[PDB]
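Note that these values count all heavy atoms, side chains included, but never hydrogens, waters or copies made by symmetry. Lettering of chains follows the sequences in order, A, B, ..., and the numbering in each one begins at 1.
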There are 2 protein chains.
Amino acid sequence: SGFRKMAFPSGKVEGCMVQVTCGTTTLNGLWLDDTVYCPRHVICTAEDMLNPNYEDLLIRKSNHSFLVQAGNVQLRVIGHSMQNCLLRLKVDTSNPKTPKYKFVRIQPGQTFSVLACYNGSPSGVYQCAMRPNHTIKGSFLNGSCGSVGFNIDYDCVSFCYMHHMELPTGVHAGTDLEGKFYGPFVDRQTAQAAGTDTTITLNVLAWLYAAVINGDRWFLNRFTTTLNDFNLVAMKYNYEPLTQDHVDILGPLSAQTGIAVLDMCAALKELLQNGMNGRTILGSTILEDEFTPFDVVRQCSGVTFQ
Amino acid sequence: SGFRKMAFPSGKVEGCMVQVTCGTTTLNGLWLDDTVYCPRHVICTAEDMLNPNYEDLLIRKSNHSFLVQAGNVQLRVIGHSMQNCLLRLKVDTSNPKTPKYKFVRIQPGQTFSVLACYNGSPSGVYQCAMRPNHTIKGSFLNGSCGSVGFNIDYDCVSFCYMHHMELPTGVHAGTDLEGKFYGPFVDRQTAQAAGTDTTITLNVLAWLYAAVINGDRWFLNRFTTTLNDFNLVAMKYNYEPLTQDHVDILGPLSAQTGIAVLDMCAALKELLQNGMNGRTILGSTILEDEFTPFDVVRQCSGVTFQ
């Protein structure tokens, strides 16, 4: 029993973290086999911040412009290239702690763990969702750039996120591991702002299912709803539209609890319209949207507390 | 910017998790140098689990009946003993992944990270507090016993918790690394129940300092309170009484911000009496109590671990 925002264990990623320095800018890098990945903005000067041309900045560097360190030990750079918004630095040693890994580009509403690092050393781990608008509501300070977001399936690390920047509202923006930004952002200091965001409806339903599996039913009701009528209400409360595919994803949680998806939507509709009347669900006073159906199935018993 | 509940990076602990099996019972052990620590109730049988005589049962256990697996490696048990509610199993291989470590007994209200584990395989990591009622609000399923809680101080892991059991309200109970329970609980199946709990005032104050450090201060006012007046109010709201010792523990945060603890208490008092009027503090609509004054510094200042 219990339910808490849980991260994947961070050890497989800890053994890949390095420091990368170019000029006097330093940030984190990710060292897999014989390559180090980091935000390309490591090469930006004091002014270059505003309008950098990265092709032009990079052609002016050699392999020895880059100081990569694993702890206090320097790894020599024997090649370099730019891939979208990342650098790929080849080094003359391989990382024997390299785990089995993939690179994946995740969809908004999906969750992942972030190992926050500074100067190539781990500070902490936390679990978050990519917002529907592609920003992350993270906890990052100056120098956290290059920390990575990931999930782990059995012993395989799926890297999904690299941190590049912070926006004026204090949310965070970054790239996948091919260097392409999540959301309509660029790596320069300009007037950029997070887009409109919505609540992740699929995840709020999943979490109401988690509360049932864990024994709680107070918020259910005797009603059903059509998918359409549910959206007509929920879209008034800034919720993401729910599609039939999202209904289908909830099938296994539905079967485990004996509550039909549209009956759970009818419950949600009521919570939205009436509020929680000072009650809690899984100890929360608000509706939580940072657990996917997959997270709920991984964390909760396969046996409902009836 | 942003504020998250952050766990310690878990890598140093993952390298210590093993699986321990006795007949049909499987749980987790902690492998440090040539000793494996685990809950003494691993020697119990599929149903022999209410009121066992552990001393009598251990009599009939030989070394060879303990099966200890580290990944796919078998670790041969060459010695065993009971220490309070733990077994210490001597094995023939000293753990090459042993970190610098200490065993410490955590005090009520202090936090730690939990590495949830099943079949000796780490599953997830989350942060919790030791509640004033001596339970933790964890997230644990059958097979999690022997999962451990810890803190890190530079390069040194302080182990402070080993999981033994779930209580009827779905909170959790366990021991320190000398096998002595936190609270009045026992490792048998009796009627035992969590006492009433209270909000950890020391941590609520710490987190309000963190809010101020982060620029969120709207709740500050020009007034002060006495400790006695503050406790009369806090006690109405089911908050732990604030002592002079807690006032001193908040000294560094108070010095950093120039806000005397009793001035922060006068802020807190108005919050409890009037609520937040729809405003947030560090993104929350509630007063968070699972961040210690020590957590606050580590998150605000980017402390790392080597």
Side-chain angles (χ1 to χ4, degrees), chain A residues 116 118-119 121 123-124 139-144 170, chain B residues 1-6 8 104 106-113 127 129-130 132 151-154 156 158 198-235 237 239-273 276 279-284 286-305:
Chain A
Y118 299 86
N119 304 124
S121 300
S123 179
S139 172
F140 288 117
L141 308 171
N142 283 14
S144 61
Chain B
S1 296
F3 207 76
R4 280 289 187 165
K5 200 155 287 164
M6 183 133 1
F8 284 98
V104 315
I106 209 64
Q107 297 304 310
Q110 304 179 335
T111 53
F112 50 94
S113 308
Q127 181 82 172
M130 175 56 65
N151 283 277
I152 321 191
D153 349 292
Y154 311 96
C156 188
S158 293
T198 44
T199 294
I200 310 155
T201 313
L202 177 60
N203 293 354
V204 171
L205 292 165
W207 175 78
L208 295 171
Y209 283 99
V212 166
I213 289 173
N214 276 270
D216 208 358
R217 60 214 167 227
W218 69 261
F219 50 87
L220 291 177
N221 71 35
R222 69 156 310 154
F223 302 100
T224 198
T225 182
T226 58
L227 197 56
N228 172 92
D229 276 286
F230 172 75
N231 288 325
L232 293 174
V233 171
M235 303 176 73
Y237 286 91
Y239 269 51
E240 190 84 355
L242 192 78
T243 67
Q244 290 279 36
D245 193 66
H246 301 144
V247 164
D248 291 345
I249 297 163
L250 287 163
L253 293 170
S254 181
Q256 185 66 13
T257 63
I259 311 170
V261 178
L262 297 172
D263 303 356
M264 188 69 87
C265 296
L268 218 201
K269 174 186 311 174
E270 292 310 306
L271 283 170
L272 288 169
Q273 286 178 337
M276 321 195 356
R279 287 174 279 204
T280 57
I281 292 162
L282 285 170
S284 176
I286 57 87
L287 302 171
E288 301 281 349
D289 89 340
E290 294 203 356
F291 289 102
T292 64
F294 307 84
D295 295 334
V296 154
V297 177
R298 282 196 316 264
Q299 186 160 346
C300 300
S301 78
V303 163
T304 59
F305 311 94

Apply side-chain contact (heavy atoms from CB on, under 4.5 Å) to the pair B/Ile281 and B/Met276, showing each step before the final yes or no. CA-CA 9 Å; B/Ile281 292 162; B/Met276 321 195 356; 4.1 Å; yes
Shortest non-hydrogen pair, A/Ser139 vs A/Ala116, comes out as O-CB, 4.5 Å
Quick one: side chain to side chain donor-acceptor pair (under 3.5 Å) partners of B/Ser1, sequence neighbours excluded? A/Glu166
Option among B/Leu268, B/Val233, B/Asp289 that satisfies the side-chain contact (heavy atoms from CB on, under 4.5 Å) test with B/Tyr239: B/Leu268
In sequence, state the C-alpha distance, the side-chain angles, and the governing distance for B/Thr292 and B/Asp295, and then conclude on side-chain contact (heavy atoms from CB on, under 4.5 Å). CA-CA 5 Å; B/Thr292 64; B/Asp295 295 334; 3.1 Å; yes
Between the OG atom in B/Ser284 and the NZ atom in B/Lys5, the distance rounded to the nearest 0.5 Å is 9.0 Å
Which atom of B/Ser158 lies closest to which atom of B/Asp153, heavy atoms considered: OG-OD2, 2.9 Å
So which atom in B/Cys300 and which in B/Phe3 form the shortest heavy-atom distance, rounded to 0.1 Å? SG-CE1, 4.1 Å
side-chain contact (heavy atoms from CB on, under 4.5 Å) between B/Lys269 and B/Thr225: does it pass, once the steps are laid out? CA-CA 9 Å; B/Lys269 174 186 311 174; B/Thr225 182; 2.7 Å; yes
On a heavy-atom basis, which atom in B/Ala129 and which in B/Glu290 lie closest, and how many Å separate them? N-OE1, 3.2 Å
Taking only residues at least two apart or on different chains, which pairs with a member in residues 200-220 of chain B satisfy side chain to side chain donor-acceptor pair (under 3.5 Å)? none
Between OG1 on residue B/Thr111 and CG on residue B/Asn151, distance to nearest 0.5 Å: 6.0 Å
Would you check if the side chain of B/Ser254 reaches a backbone N or O of B/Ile259 as a donor-acceptor pair within less than 3.5 Å? yes
I want to check something: taking the side chain as every heavy atom from C-beta on, are B/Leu253 and B/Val212 in contact at a cut-off of under 4.5 Å? no
Enter the distance from B/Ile249:CD1 to B/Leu205:CG here, rounded to the nearest 0.5 Å. 11.5 Å
Are B/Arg222 and B/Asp263 close enough that some pair of their side-chain heavy atoms sits under 4.5 Å apart? no
Please round to the nearest 0.5 Å and tell me the distance separating atom CD1 of B/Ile152 and atom OG of B/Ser113. 7.5 Å
Can you tell me how far apart SG (B/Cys265) and CG (B/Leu227) are? Round to the nearest 0.5 Å. 7.0 Å
Non-hydrogen atoms of A/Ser121 and B/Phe305 that approach each other most closely: CB-O, 3.9 Å
Can you name the nearest heavy-atom pair linking B/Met264 to B/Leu220, along with the distance? SD-CD2, 3.8 Å
Take B/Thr199 and B/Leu287 through the test side-chain contact (heavy atoms from CB on, under 4.5 Å) and record every step on the way to the result. CA-CA 9 Å; B/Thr199 294; B/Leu287 302 171; over 6 Å; no
For the CG atom of B/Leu242 and the CG atom of B/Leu250, what is their distance to the nearest 0.5 Å? 7.0 Å
A side-chain contact here means heavy atoms from C-beta on lying under 4.5 Å apart; do B/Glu270 and B/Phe223 qualify? no
Check for a donor-acceptor pair, side chain of A/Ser123 on one end and backbone N or O of B/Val303 on the other, with a separation under 3.5 Å. yes
Above 12 or not: heavy atoms from other molecules or residues under 6.0 Å from OH of B/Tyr237? yes
